[PDB]
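Participant: Provided herewith is a single structure, encoded as structure tokens, for subsequent inquiry.
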Amino acid sequence: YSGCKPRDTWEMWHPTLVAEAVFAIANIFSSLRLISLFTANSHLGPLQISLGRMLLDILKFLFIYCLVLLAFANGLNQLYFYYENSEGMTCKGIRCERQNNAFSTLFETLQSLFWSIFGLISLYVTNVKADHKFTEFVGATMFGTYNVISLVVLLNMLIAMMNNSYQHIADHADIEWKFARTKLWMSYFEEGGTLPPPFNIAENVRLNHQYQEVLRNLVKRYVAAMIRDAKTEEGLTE
Amino acid sequence: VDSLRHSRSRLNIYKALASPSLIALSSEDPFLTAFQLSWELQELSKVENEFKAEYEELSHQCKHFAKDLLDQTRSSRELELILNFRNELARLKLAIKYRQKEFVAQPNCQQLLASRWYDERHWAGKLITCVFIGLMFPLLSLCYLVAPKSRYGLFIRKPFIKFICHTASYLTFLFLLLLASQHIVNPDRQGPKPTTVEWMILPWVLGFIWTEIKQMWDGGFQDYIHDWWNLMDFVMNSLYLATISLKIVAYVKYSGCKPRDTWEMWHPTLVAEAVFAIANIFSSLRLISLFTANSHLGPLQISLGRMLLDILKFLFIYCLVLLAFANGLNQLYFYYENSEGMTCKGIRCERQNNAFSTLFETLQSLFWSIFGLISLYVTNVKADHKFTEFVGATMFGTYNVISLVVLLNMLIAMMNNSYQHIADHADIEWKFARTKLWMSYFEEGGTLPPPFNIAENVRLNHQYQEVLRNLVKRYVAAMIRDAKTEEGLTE
Amino acid sequence: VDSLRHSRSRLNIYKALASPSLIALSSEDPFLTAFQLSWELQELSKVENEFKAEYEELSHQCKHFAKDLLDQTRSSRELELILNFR
Ligand SMILES: O=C1CN(c2cn[nH]c(=O)c2Cl)CCN1Cc1ccccc1C(F)(F)F
Ligand SMILES: CCCCCC(=O)OC[C@H](COP(=O)(O)O)OC(=O)CCCCC
Ligand SMILES: CCCCCC(=O)OC[C@H](COP(=O)(O)O)OC(=O)CCCCC
Ligand SMILES: [Ca+2]
């Protein structure tokens with residue numbers, strides 16, 4: 001399309017829009033990858049590593065939660081799919097100014113139930129033109145139950161788990177942080193790249209002797225001072 | 001007459017008989033004594049409640065002793081004769097029936113159980129095999145059905161295959177329920193005939209209820225309802241029967257057609273749709289019950305499951321507060337039930353109004369305020385009675401503070417300490433639950449997925465007697481003779 | 001055939017070879033033995049899962065021993081000859 005026309009009168013799946021979207025996502029990912037060099041500091045390093053390891057503890061919850069979400073989505077969608085009005089409304093869905101058709105289809109149901117965690121879904125979405133108060137009441141009750149379960153039982157059992165999973169993390173902080181820092185450091189020793197990105201266009205038979213001597217001395221010191229003088233301060237029994 | 005002396009004497013007697021030495025000496029069969037004594041002590045822990053800690057500790061002592069006794073075995077045949085005493089594994093059935101958690105989760109029982117489970121590879125060596133054998137399951141089902149022969153029927157009897165077949169059937173049921181609401185499969189009218197998929201899902205519901213009644217035959221609502229996972233099965237099945245009945249009675253009463261908008265509440269079709277939706281919710285929730293078979297989710301699922309009876313107490317304290325404030329606000333505001341010129345009343349329409357007029361609406365108003373879904377103008381009246389408006393707003397604010405700052409942080413502060421004492425018995429409980437699951441897929445009880453549901457006893461005591469003699473010898477030598485030496489010194 | 005006896009025997013053997021005294025006596029190069037033994041035990045921790053705690057503790061034991069061995073050096077040249085080896 002080597003031409004020109006107003007942007008408004010385009011259509012989806014036009015190549016330029018897809019070329020802009022992925023560029024935006026890549027920007028997000030690079031700016032997130034920035035964090036990787038905090039391991040070189042000393043006040044942030046340990047904290048960053050500690051936070052990093054307490055993530056595989058979370059994915060389990062973000063997997064239990066999906067099942068609950070599917071269950072309630074199934075229910076509500078089965079109940080409401082008879083009222084896909086979409087007559088006289090320019091914009092449908094839960095995103096326009098006046099939210100409507102919140103539970104009509106299933107994808108929109110997933111979106112509706114995900115956006116309810118942050119309280120961004122108003123309460124009138126569970127209505128129909130007729131006054132079928134029984135169906136409206138049952139829909140509202142399903143919605144309320146879902147909200148209670150999520151935001152009171154699946155968000156406090158997350159903190160209550162993070163605390164105990166974090167207790168056994170602060171007992172090995174320095175060890176792991178120093179190991180990670182050393183892994184980083186060793187990469188800047190060899191003459192491998194030596195260049196920032198933009199500008200990228202007798203000997204082996206004898207030396208065993210000294211090391212053998214050193215091993216002899218070290219084993220002597222260890223066996224003397226670790227399993228002979230530490231076998232005396234133990235305790236008494238019958 | 002003398003309660004004190006009598007009770008103390010009973011405590012002394014029980015504290016005596018639960019001693020590993022005396023059991024080792026004066027007992028025909030140590031294992032049965034341990035089981036019976038643990039059960040009796042646990043039961044008395046609830047009636048002689050003033051002395052509650054002692055009995056709850058004696059039970060623990062008995063269970064630990066029972067585990068240590070079986071500990072000191074040395075050859076698989078010895079273990080297999082111990083477990084197959086009185087079918088197979090009758091001893092294990094008894095242990096499960098007596099809640100010997102520390103006994104079943106013993107690193108030798110698990111080996112034998114796993115070996116008899118699998119009968120024959122890191123992350124994808126099994127992940128494709130399992131799904132592939134899960135797809136083409138009905139062929140296996142029918143083959144075992146009509147020709148229970150050596151061809152492939154012997155390829156169902158392996159429990160790890162029966163489990164996969166059953167779970168694949170369940171997943172298919174869920175998929176059908178998911179597509180049951182697609183628009184591809186109608187013109188809404190009055191009392192329609194069952195659609196193309198209702199005839200497709202009827203076999204699942206019938207087979208499930210058949211299995212339920214079959215299994216219920218034994219427990220008979222006693223020692224059979226305690227498990228919470230089963231009460232859900234009961235309620236779902238009742239709801240499905242109700243849906244069937246309502247759809248039936250609706251099909252033959254209003255056999256016509258008129259626009260859906262011009263109906264009325266309590267019409268049979270609407271009630272037939274609502275309960276069907278609820279049943280869908282409940283089945284898809286019941287899905288979670290098989291996470292106990294995994295290893296990374298299992299322990300976590302059990303841990304979360306036990307930390308629920310800690311919550312119901314708070315969801316019972318909270319109801320009192322809710323009633324108090326509802327009473328207050330309703331008493332204050334009930335003079336202004338305007339409802340003139342407003343098409344839709346209540347807290348649900350676009351422009352919320354009459355929030356506190358009646359009492360039911362007050363309960364709804366105060367429950368929806370926890371998530372901040374109630375705007376702030378609901379506490380107004382047409383007149384400028386600023387005093388009443390201010391007092392109403394103050395009651396509302398106090399309720400919000402109490403709930404969302406004192407009854408939601410005292411919940412976390414309680415969950416943490418109640419969870420501390422849960423991660424010290426995670427593996428034991430998870431393995432016990434997994435074993436309970438496994439043993440159900442051993443006998444030739446059902447052997448079929450839901451849709452397709454249309455000298456010897458005088459002599460063998462000798463070997464087991466010999467084994468008991470040897471085990472007691474080993475235990476008494478190596479547990480109360482060589483562990484009585486590493487204690488400590490005093491004056 | 002006898003799974004119980006066989007597994008317990010393997011556990012006994014590994015529990016034996018991970019002893020600082022025996023390593024100090026019968027080993028050509030202690031450091032390589034510690035590394036290899038820790039790796040092998042860690043790997044077996046995932047397949048012989050019923051006995052899971054024992055192996056996950058033997059690995060820790062080997063690693064600690066490897067650290068304490070290098071602990072008792074006294075001059076920088078000794079350390080630099082230890083680290084610059086192949
Ligand atoms: O206990 C129930 C509840 N189930 C019912 C019973 N009656 N009405 C229902 O709606 C439902 Cl969902 C079916 C599922 N299971 C058992 C199970 C759990 C996990 C994997 C497989 C299985 C099965 F294969 F053995 F079924
Ligand atoms: C705790 C008492 C709440 C009483 C509020 C009420 O009567 O309204 C019905 C509420 C939903 O509110 P409405 O549907 O708007 O009436 O149902 C639940 O949220 C149940 C919670 C499910 C808990 C698992
Ligand atoms: C903490 C200082 C708050 C001062 C705010 C204020 O003056 O407004 C009155 C508030 C309610 O705000 P209004 O009714 O809108 O005036 O009363 C309370 O919330 C009391 C809290 C009850 C606590 C148990
Ligand atoms: Ca059941």
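Going through the structure tokens in order, the chains are called A, B, and so on, while each chain numbers its residues from 1 and the ligands are numbered from 1 in the order shown.
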Might you pull out every residue within 9 Å of residue 129 (chain A), with only C-alpha atoms counted and same-chain residues fewer than 2 positions away left off, and present them as a list in words?
Facilitator: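 Listing them by chain and then by number gives residues 83, 85, 127, 131 and 132 of chain A; 261 of chain B.
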Participant: May I ask you to extract the residues of chain A within 8 Å of chain C, using only C-alpha atoms, and to give them as a CSV table (one decimal) with C-alpha atoms, in the first residue's frame?
Facilitator:
```csv
chain,number,residue,atom,x,y,z
A,211,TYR,CA,48.8,-28.6,43.7
A,214,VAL,CA,48.8,-28.0,48.6
A,218,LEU,CA,45.1,-28.7,53.3
A,219,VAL,CA,43.8,-32.2,54.2
A,221,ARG,CA,45.0,-29.0,58.5
A,222,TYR,CA,41.3,-30.0,58.0
A,223,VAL,CA,41.6,-33.5,59.5
```
Participant: Please identify all residues of chain C having at least one atom at most 9 Å from any atom of chain B, considering only C-alpha atoms, and return them as a list in words.
Facilitator: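 My answer is residues 2, 3, 4, 5, 50 and 51 of chain C.
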Participant: For C-alpha atoms, I'd like the residues from the last selection saved as a PDB file, in the first residue's frame.
Facilitator:
```
ATOM      1  CA  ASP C   2      13.209 -57.293  46.184  1.00  0.00           C
ATOM      2  CA  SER C   3      12.664 -53.570  45.752  1.00  0.00           C
ATOM      3  CA  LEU C   4      12.845 -52.748  49.453  1.00  0.00           C
ATOM      4  CA  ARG C   5      16.190 -54.402  50.132  1.00  0.00           C
ATOM      5  CA  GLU C  50       9.857 -41.740  48.082  1.00  0.00           C
ATOM      6  CA  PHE C  51      13.204 -41.337  49.870  1.00  0.00           C
TER       7      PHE C  51
END
```
Participant: Which residues are near ligand 2 in this structure, taking near to mean any atom at most 6 Å from a ligand atom and counting only C-alpha atoms and all ligand atoms? Format them as a PyMOL selection string.
Facilitator: (chain A and resi 137+140-141+144-145) or (chain B and resi 319+363-364+367)
Participant: Could you list, as a compact mmCIF listing (two decimals) with N, CA, C and O atoms, in the first residue's frame, every residue of chain A that has an atom within 9 Å of an atom of chain B, counting only C-alpha atoms?
Facilitator:
```txt
# COMPACT_ATOMS: atom_id res chain seq x y z
N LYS A 60 1.23 -21.24 41.10
CA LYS A 60 0.25 -22.22 41.54
C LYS A 60 -1.09 -21.56 41.84
O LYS A 60 -2.15 -22.10 41.51
N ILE A 64 -4.79 -22.13 40.24
CA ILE A 64 -6.04 -22.46 40.91
C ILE A 64 -7.11 -21.44 40.55
O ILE A 64 -8.28 -21.79 40.36
N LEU A 67 -9.42 -21.93 37.36
CA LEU A 67 -10.53 -22.87 37.42
C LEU A 67 -11.79 -22.20 37.95
O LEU A 67 -12.88 -22.37 37.39
N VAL A 68 -11.66 -21.44 39.03
CA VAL A 68 -12.80 -20.71 39.57
C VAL A 68 -13.36 -19.77 38.52
O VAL A 68 -14.58 -19.67 38.33
N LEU A 70 -13.24 -19.97 35.28
CA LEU A 70 -13.98 -20.72 34.27
C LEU A 70 -15.33 -21.18 34.78
O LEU A 70 -16.33 -21.14 34.05
N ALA A 71 -15.39 -21.66 36.02
CA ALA A 71 -16.66 -22.14 36.54
C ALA A 71 -17.71 -21.04 36.52
O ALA A 71 -18.81 -21.21 35.97
N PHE A 72 -17.38 -19.89 37.09
CA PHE A 72 -18.38 -18.84 37.14
C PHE A 72 -18.68 -18.27 35.77
O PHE A 72 -19.83 -17.90 35.50
N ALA A 73 -17.69 -18.21 34.88
CA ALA A 73 -17.96 -17.76 33.52
C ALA A 73 -18.96 -18.67 32.84
O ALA A 73 -19.93 -18.21 32.24
N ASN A 74 -18.73 -19.98 32.93
CA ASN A 74 -19.67 -20.95 32.40
C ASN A 74 -21.07 -20.69 32.91
O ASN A 74 -22.03 -20.58 32.14
N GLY A 75 -21.21 -20.58 34.23
CA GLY A 75 -22.53 -20.39 34.79
C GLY A 75 -23.23 -19.15 34.26
O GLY A 75 -24.34 -19.23 33.71
N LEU A 76 -22.57 -18.00 34.40
CA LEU A 76 -23.22 -16.75 34.03
C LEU A 76 -23.54 -16.71 32.55
O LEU A 76 -24.61 -16.25 32.15
N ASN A 77 -22.61 -17.17 31.71
CA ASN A 77 -22.87 -17.16 30.28
C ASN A 77 -24.06 -18.03 29.93
O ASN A 77 -24.89 -17.66 29.11
N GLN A 78 -24.15 -19.21 30.54
CA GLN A 78 -25.30 -20.06 30.29
C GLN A 78 -26.59 -19.35 30.68
O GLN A 78 -27.61 -19.47 29.99
N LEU A 79 -26.56 -18.60 31.77
CA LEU A 79 -27.79 -17.95 32.23
C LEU A 79 -28.22 -16.81 31.31
O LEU A 79 -29.39 -16.72 30.94
N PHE A 81 -27.34 -15.79 28.15
CA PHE A 81 -27.09 -15.61 26.72
C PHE A 81 -28.33 -15.40 25.92
O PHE A 81 -28.25 -15.41 24.70
N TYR A 82 -29.49 -15.21 26.53
CA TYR A 82 -30.73 -15.03 25.79
C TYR A 82 -31.03 -13.58 25.46
O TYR A 82 -32.04 -13.31 24.80
N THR A 105 -21.86 -12.99 25.44
CA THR A 105 -21.05 -14.07 24.92
C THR A 105 -20.07 -14.55 25.98
O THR A 105 -20.10 -14.09 27.12
N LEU A 106 -19.19 -15.47 25.61
CA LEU A 106 -18.31 -16.07 26.60
C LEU A 106 -17.02 -15.30 26.77
O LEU A 106 -16.54 -15.14 27.89
N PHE A 118 -10.67 -5.50 40.29
CA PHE A 118 -10.28 -4.14 40.63
C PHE A 118 -11.47 -3.21 40.75
O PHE A 118 -11.29 -2.00 40.82
N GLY A 119 -12.68 -3.76 40.78
CA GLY A 119 -13.86 -2.94 40.98
C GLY A 119 -14.10 -1.94 39.88
O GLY A 119 -14.49 -0.80 40.14
N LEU A 120 -13.87 -2.34 38.63
CA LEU A 120 -14.08 -1.46 37.50
C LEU A 120 -15.35 -1.77 36.74
O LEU A 120 -15.57 -1.21 35.67
N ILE A 121 -16.20 -2.65 37.26
CA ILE A 121 -17.44 -3.03 36.61
C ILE A 121 -18.60 -2.54 37.45
O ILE A 121 -18.74 -2.94 38.61
N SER A 122 -19.43 -1.68 36.87
CA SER A 122 -20.56 -1.14 37.60
C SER A 122 -21.57 -2.24 37.88
O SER A 122 -21.44 -3.37 37.42
N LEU A 123 -22.60 -1.90 38.63
CA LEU A 123 -23.52 -2.91 39.12
C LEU A 123 -24.76 -3.07 38.26
O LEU A 123 -25.49 -4.05 38.43
N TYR A 124 -25.02 -2.16 37.34
CA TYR A 124 -26.23 -2.29 36.54
C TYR A 124 -26.07 -3.25 35.38
O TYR A 124 -27.05 -3.49 34.67
N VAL A 125 -24.89 -3.82 35.17
CA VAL A 125 -24.68 -4.68 34.03
C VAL A 125 -25.56 -5.91 34.09
O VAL A 125 -25.77 -6.56 33.06
N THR A 126 -26.06 -6.26 35.27
CA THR A 126 -26.89 -7.46 35.42
C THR A 126 -28.37 -7.14 35.32
O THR A 126 -29.15 -7.49 36.20
N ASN A 127 -28.79 -6.47 34.25
CA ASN A 127 -30.19 -6.19 34.02
C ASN A 127 -30.60 -6.57 32.61
O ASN A 127 -29.77 -6.72 31.71
N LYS A 129 -34.13 -5.85 29.72
CA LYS A 129 -35.22 -4.93 29.44
C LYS A 129 -36.48 -5.33 30.18
O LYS A 129 -37.15 -4.50 30.80
N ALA A 130 -36.83 -6.61 30.12
CA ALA A 130 -37.97 -7.09 30.89
C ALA A 130 -37.65 -7.05 32.38
O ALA A 130 -36.50 -6.93 32.79
N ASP A 131 -38.70 -7.12 33.19
CA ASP A 131 -38.53 -7.19 34.64
C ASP A 131 -38.63 -8.64 35.11
O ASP A 131 -39.53 -9.02 35.85
N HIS A 132 -37.68 -9.45 34.67
CA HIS A 132 -37.61 -10.85 35.09
C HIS A 132 -36.81 -10.93 36.38
O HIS A 132 -35.71 -11.47 36.44
N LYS A 133 -37.41 -10.39 37.44
CA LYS A 133 -36.68 -10.16 38.68
C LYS A 133 -36.03 -11.43 39.21
O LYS A 133 -35.00 -11.35 39.88
N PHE A 134 -36.60 -12.60 38.93
CA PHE A 134 -35.98 -13.82 39.42
C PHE A 134 -34.63 -14.07 38.76
O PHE A 134 -33.64 -14.34 39.45
N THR A 135 -34.57 -13.98 37.44
CA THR A 135 -33.30 -14.19 36.76
C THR A 135 -32.30 -13.12 37.15
O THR A 135 -31.11 -13.41 37.34
N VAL A 138 -30.90 -13.99 40.54
CA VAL A 138 -29.96 -15.10 40.53
C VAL A 138 -28.64 -14.69 39.90
O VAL A 138 -27.56 -15.09 40.36
N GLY A 139 -28.69 -13.89 38.84
CA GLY A 139 -27.45 -13.41 38.25
C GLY A 139 -26.65 -12.58 39.23
O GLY A 139 -25.44 -12.76 39.37
N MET A 142 -24.96 -14.93 41.76
CA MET A 142 -23.74 -15.55 41.25
C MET A 142 -22.59 -14.56 41.24
O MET A 142 -21.46 -14.88 41.64
N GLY A 144 -22.13 -11.88 43.09
CA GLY A 144 -21.68 -11.60 44.43
C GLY A 144 -20.87 -12.73 45.02
O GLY A 144 -19.85 -12.50 45.68
N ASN A 147 -17.42 -12.64 43.64
CA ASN A 147 -16.62 -11.57 44.22
C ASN A 147 -16.14 -11.93 45.62
O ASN A 147 -14.98 -11.70 45.96
N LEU A 151 -12.05 -12.09 46.14
CA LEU A 151 -11.42 -10.99 46.85
C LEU A 151 -11.41 -11.17 48.36
O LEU A 151 -10.99 -10.24 49.06
N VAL A 152 -11.89 -12.28 48.90
CA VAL A 152 -11.78 -12.49 50.33
C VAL A 152 -11.17 -13.83 50.70
O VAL A 152 -10.54 -13.95 51.76
N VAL A 153 -11.23 -14.86 49.86
CA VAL A 153 -10.64 -16.13 50.19
C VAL A 153 -9.44 -16.46 49.32
O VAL A 153 -8.54 -17.16 49.78
N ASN A 156 -6.48 -13.43 50.45
CA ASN A 156 -5.84 -13.50 51.75
C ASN A 156 -5.10 -14.81 51.95
O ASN A 156 -4.08 -14.84 52.64
N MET A 157 -5.58 -15.90 51.34
CA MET A 157 -4.79 -17.11 51.33
C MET A 157 -3.57 -16.99 50.44
O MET A 157 -2.77 -17.93 50.39
N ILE A 159 -1.52 -13.95 50.64
CA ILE A 159 -0.60 -13.35 51.59
C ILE A 159 -0.22 -14.35 52.67
O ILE A 159 0.96 -14.46 53.05
N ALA A 160 -1.20 -15.07 53.20
CA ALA A 160 -0.92 -16.03 54.25
C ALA A 160 0.04 -17.11 53.79
O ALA A 160 0.66 -17.76 54.63
N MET A 161 0.16 -17.31 52.49
CA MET A 161 1.13 -18.27 51.98
C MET A 161 2.47 -17.62 51.69
O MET A 161 3.52 -18.22 51.93
N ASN A 163 3.88 -15.21 53.26
CA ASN A 163 4.66 -14.96 54.47
C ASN A 163 5.48 -16.18 54.87
O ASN A 163 6.70 -16.09 55.05
N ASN A 164 4.83 -17.33 55.00
CA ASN A 164 5.55 -18.53 55.40
C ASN A 164 6.51 -19.00 54.32
O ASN A 164 7.55 -19.59 54.64
N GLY A 235 28.86 -33.24 74.32
CA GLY A 235 27.89 -33.40 75.38
C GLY A 235 27.96 -34.77 76.05
O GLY A 235 28.61 -35.67 75.53
N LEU A 236 27.29 -34.93 77.19
CA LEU A 236 27.34 -36.18 77.94
C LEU A 236 25.96 -36.82 77.99
O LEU A 236 24.94 -36.14 78.02
N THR A 237 25.95 -38.15 78.00
CA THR A 237 24.74 -38.94 78.11
C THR A 237 24.98 -40.06 79.11
O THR A 237 26.01 -40.10 79.79
N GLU A 238 24.03 -41.00 79.20
CA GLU A 238 24.18 -42.10 80.14
C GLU A 238 25.25 -43.09 79.70
O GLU A 238 25.82 -43.79 80.55
```
Participant: Excluding region 42-45 of chain C and any residue of its chain fewer than 5 positions from it, enumerate the residues within 9 Å of it, using only C-alpha atoms, and give them as a list in words.
Facilitator: residues 37, 51, 52, 53, 54, 55, 56, 58 and 59 of chain C
Participant: Could you give me the residues within 9 Å of ligand 4, counting only C-alpha atoms and all ligand atoms, as a list in words?
Facilitator: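 So, counting only C-alpha atoms and all ligand atoms, the residues near ligand 4 are residues 211, 212, 215, 216, 227, 229, 230, 231, 232, 233 and 234 of chain B.
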Participant: I need the helix (DSSP H, G or I) residues of region 167-255 of chain B per DSSP on the backbone, written as an MDAnalysis selection string.
Facilitator: chainID B and resid 167:179 198:219 228:251
Participant: Quick one: residues within 9 Å of residue 94 (chain A), only C-alpha atoms counted, chain neighbours fewer than 3 positions away excluded, as a count of residues only?
Facilitator: 11
Participant: Please identify every polymer residue within 6 Å of ligand 1, using only C-alpha atoms and all ligand atoms, and present the set as a short mmCIF file (atom, residue, chain, number, x, y, z; two decimals) with N, CA and C atoms, in the first residue's frame.
Facilitator:
```
data_model
loop_
_atom_site.label_atom_id
_atom_site.label_comp_id
_atom_site.auth_asym_id
_atom_site.auth_seq_id
_atom_site.Cartn_x
_atom_site.Cartn_y
_atom_site.Cartn_z
N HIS B 166 -11.50 -42.24 32.99
CA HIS B 166 -12.54 -41.55 33.74
C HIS B 166 -12.38 -40.04 33.65
N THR B 167 -11.15 -39.55 33.81
CA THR B 167 -10.96 -38.11 33.76
C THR B 167 -11.20 -37.57 32.35
N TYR B 170 -14.82 -37.05 32.08
CA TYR B 170 -15.22 -35.84 32.79
C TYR B 170 -14.92 -34.59 31.98
N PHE B 208 -23.86 -40.57 36.36
CA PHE B 208 -23.36 -40.02 37.61
C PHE B 208 -24.30 -40.33 38.76
N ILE B 209 -25.61 -40.16 38.54
CA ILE B 209 -26.51 -40.43 39.65
C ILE B 209 -26.56 -41.92 39.97
N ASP B 233 -21.87 -33.35 45.39
CA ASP B 233 -22.40 -34.30 44.42
C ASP B 233 -23.88 -34.51 44.63
N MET B 236 -25.82 -31.33 43.43
CA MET B 236 -25.83 -31.20 41.98
C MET B 236 -26.81 -32.17 41.36
N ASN B 237 -26.79 -33.41 41.83
CA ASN B 237 -27.65 -34.40 41.22
C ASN B 237 -29.12 -34.07 41.47
N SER B 283 -20.66 -28.22 38.95
CA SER B 283 -19.82 -29.24 38.34
C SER B 283 -18.44 -28.69 38.02
N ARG B 286 -16.49 -28.67 41.04
CA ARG B 286 -16.10 -30.00 41.48
C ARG B 286 -14.89 -30.50 40.71
N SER B 289 -11.36 -31.33 42.42
CA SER B 289 -11.14 -32.44 43.33
C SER B 289 -10.02 -33.38 42.92
N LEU B 290 -9.56 -33.32 41.68
CA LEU B 290 -8.53 -34.24 41.23
C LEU B 290 -7.14 -33.65 41.30
#
```
Participant: Closest to ligand 3 among B:404, B:474, B:463, B:222, using only C-alpha atoms and all ligand atoms?
Facilitator: B:404
Participant: Hey, which residues sit close to ligand 3? Say within 10 Å, counting only C-alpha atoms and all ligand atoms, and write them as number ranges by chain.
Facilitator: B: 376, 379, 389-402, 405-406
Participant: List as a VMD selection string the protein and nucleic acid residues near region 128-140 of chain B, meaning an atom at most 12 Å away when only C-alpha atoms are counted, but skip any in the same chain fewer than 6 places from it.
Facilitator: chain B and resid 120 to 122 146 to 149 151 to 157 160 to 172 447 to 452
Participant: Looking at B:56, B:102, B:443, B:40, which one is nearest to residue 70 (chain B), with distances taken over only C-alpha atoms?
Facilitator: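 The closest residue to residue 70 (chain B) is B:102.
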Participant: Taking only C-alpha atoms into account, name the residue in B:325, B:41, B:97, B:445 that is nearest to residue 13 (chain B).
Facilitator: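 Comparing B:325, B:41, B:97, B:445 against residue 13 (chain B), the winner is B:41.
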Participant: Name all residues at most 9 Å from region 184-196 of chain A (count only C-alpha atoms; drop same-chain ones fewer than 6 positions away) and give them as a ChimeraX atom specification.
Facilitator: /A:37,39-40
Participant: From the list C:33, C:27, C:46, C:18, which residue is nearest residue 61 (chain C) when using only C-alpha atoms?
Facilitator: C:18
